[PDB]
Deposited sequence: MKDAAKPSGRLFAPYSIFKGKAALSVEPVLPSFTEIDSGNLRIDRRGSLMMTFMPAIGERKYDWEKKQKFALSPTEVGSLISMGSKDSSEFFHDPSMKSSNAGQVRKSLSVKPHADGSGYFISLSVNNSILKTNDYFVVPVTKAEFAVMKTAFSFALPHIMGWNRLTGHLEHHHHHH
């Protein structure tokens, strides 16, 4: 595995984004296989002070191709909100600042079972969101499988 997330580190939280290509991976001598669907994976972690973050407390939100399209389609005055009920319930919000200078990206996680509620917010500048739209656009066909790695091409 190569890791190359695009990461943004801010006051209350950090956000890392990275494509997940569809894959089927053997481990444990072949007894177990890990099947991953194509997505754009967003990972949030909370700040703990002195400019550091708690990796062990990270929470994720996986964007489908359609959800990626939602983000790519946003201009400076647009919003997106996504709800995943995979009893853990997650909400991702991308909301623009009034001056068009960027967005708050937040993730809300509700665990009815453990009675917990977690919230992570990261501001993203216009420049940072431009990186996301460009990189996400690049990655989208690959997450959809439109290539030689996943496509059945010789």
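* Deposited-sequence stretches lacking C-alpha coordinates, listed in sequence order -> Those parts of the chain that were deposited but carry no coordinates are 1-9, 96-103, 172-177.
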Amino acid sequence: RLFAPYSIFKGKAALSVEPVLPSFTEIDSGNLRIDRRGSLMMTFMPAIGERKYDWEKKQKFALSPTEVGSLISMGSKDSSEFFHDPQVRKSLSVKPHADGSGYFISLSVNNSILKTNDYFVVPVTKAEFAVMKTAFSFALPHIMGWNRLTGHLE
From here on, numbers count along this sequence of modelled residues.
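* 24-32 versus 43-51: which one carries the higher mean Cα B factor per the record? -> Comparing averages over the C-alpha atoms only gives 24-32.
* To do: Tell me which of 6-14 and 142-150 has the higher mean C-alpha B-factor in the deposited entry.
  => Per the PDB record, 142-150.
* Asked: Which one, 68, 107, 114, 62, has the peak C-alpha temperature factor per the PDB entry?
  -> Comparing C-alpha B-factors across 68, 107, 114, 62, the top value belongs to 114.
* How does residue 85 rank on Cα B-factor within its chain, lowest, middle or highest third? -> Tercile = highest for this residue's CA B-factor.
* Within-chain third of residue 122 by Cα B-factor, per the entry -> For residue 122, the deposited C-alpha B-factor lands in the middle third.
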